[PDB]
Every structure is written in C-alpha cells, then in structure tokens.
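Readers should treat all values here as calculations from the given coordinates under stated rules, not as data from a laboratory.
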Amino acid sequence: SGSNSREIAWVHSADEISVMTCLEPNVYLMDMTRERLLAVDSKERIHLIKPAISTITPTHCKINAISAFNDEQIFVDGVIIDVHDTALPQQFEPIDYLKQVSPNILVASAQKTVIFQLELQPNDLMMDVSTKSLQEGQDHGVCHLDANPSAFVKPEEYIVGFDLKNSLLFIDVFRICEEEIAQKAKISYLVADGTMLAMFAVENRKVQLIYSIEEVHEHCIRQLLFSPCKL
C-alpha cells in the first residue's frame, strides 16, 4: 500500500488497485491513513472500517497524530491523552509509545508502566531500549554515539548514531546511517546493508526498512518513489 502522490504490486492485500482519495497507508495486517480524515478501503483485509480510529500499527486500531493524541481503540474510540506530540508507536492489549523523549511510556489499550530516565526503539515489554543516552530500562547509560536516532535488539544490541555507526552494545564496527532491523542472522550487524558487514540502490537517505529472510528478499520500499525489488 502506497499513498497517492493508493497503489499495489500485483496483490490484493492493500487497496483495490486504483483508489484516489494521503500521507501514509496501513497494510501492517483496509489500509489506514490520515488526510492533511481516515480514508481506509477494503481490497483484502477486513473489507469495512471506513473513517474510524494517522500512523497506525498492528491490531492483533490505534492512531498517531502531530498532537498529544495517543488515541487508539477499536472503531469504540479512545483518545488516550498523553498530556506535546504523541510520537512513534510500537505494538508489543499493551502498546508502547515513544514521544519526543527518551523515557517513553507503555499504554495498554491505560498506561501499563511509565518510565523516566534522563534529563526509534525496538521490541525484543520491559526489556526496551531508549534513544534520543542509550539507556535500556527494565538504566544503563551508554553515551557512545555522537546522537541516537534508532536502536535495535539482539537477533549485542546495535544502535545507530545520527552520524552513521550502528555499534555494539550488550567494538564500534562502522561501514545519518542506513537504519536497522533484526534477522535470525542479525541482518549483517543490524544494517539495512553495507553489502554483508562482517561481525547500492538509486540515490540515498533511506528511512525505515524490513526484510523477509537473511540477506535476500528485501521488502522493497527502500527509497522514496523508486526502490529495487531484486532481493
């Protein structure tokens, strides 16, 4: 699912081919969105939700606005008020929310636990890394990266710096950087790739990536508007 600048790639799991309405679609698995109104259709997901409860992740739905709207519910609307901006959400009915603060929060869709530690974060509910020091609460101040835009856990938790890096935690092996996700085989030092870093597509400045299996079978999406579908 890719917002109209609502398309596909020979599949029916997100939008009926051509569906003009967006900022981001949701096919995490009706592909959710947020207008500059939630315009979600049915091509293959659940077929009907229309305009019901921006950046939505899995609902084994929750919203994400530019305000303190940590709302997230069913169709049942629940505007959990974080009390500035409700930033990056992740699903771990508990859902972790990460504002423009490294402390962050865990809210059960009701705040499960809330932590405060200093003056992108991974999933392994208490074993969670924090970035903006590299403290991993349950904590461990790790000021090794000069800041910290993303961190991801063991497939040795690798955390990127704003000036490349994606070092080791528990040797700073170096190839903003190309951000990271986890494999059963570490995605080669949690970089997404530097070929195969030992433990190039068109243009650069990639955002967020995933992967099917070790090395091969990229999940496409690689850059803006033009990414390889090779491997």
Cα to Cα, under 18 Å, and not fewer than 8 places away if on the same chain: which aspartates and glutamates meet these conditions relative to residue 154? 124, 128, 136, 139, 172, 178, 179, 180, 193, 214, 215
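Report D for the chain in µm² per second (integer): Stokes-Einstein, Kirkwood Rh on Cα pairs, 4 °C, 1.567 mPa s. Write out the running numbers ahead of the final one.
Values: Rh = 18.9 Å.
It comes out at roughly 68 µm²/s.
Could you work out [θ]222 nm for the chain from helices alone, using -39500 (n - 2.57) per DSSP H run of at least four and dividing by all its residues? Round to the nearest 500 deg cm²/dmol.
Values: 1 runs with 4 residues, N = 231.
Helices in the chain give a 222 nm mean residue ellipticity of 0 deg cm²/dmol.
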For the range 1-125, what is the Kirkwood hydrodynamic radius in Å, using each pair of distinct C-alpha atoms? 15.3
Just how far, in whole angstrom, is the range 1-61 from the range 111-177 if you go by their alpha carbon centroids? 31
For the range 137-229, count all C-alpha to C-alpha pairs, find those more than 19 Å apart, and express that count as a whole percent of the total. 39
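In square nanometres and to one decimal, what's the mean projected area of the convex hull around the Cα atoms of the range 1-63?
Details: hull surface 15.5 nm².
In nm², the orientation-averaged hull projection of the range 1-63 is 3.9.
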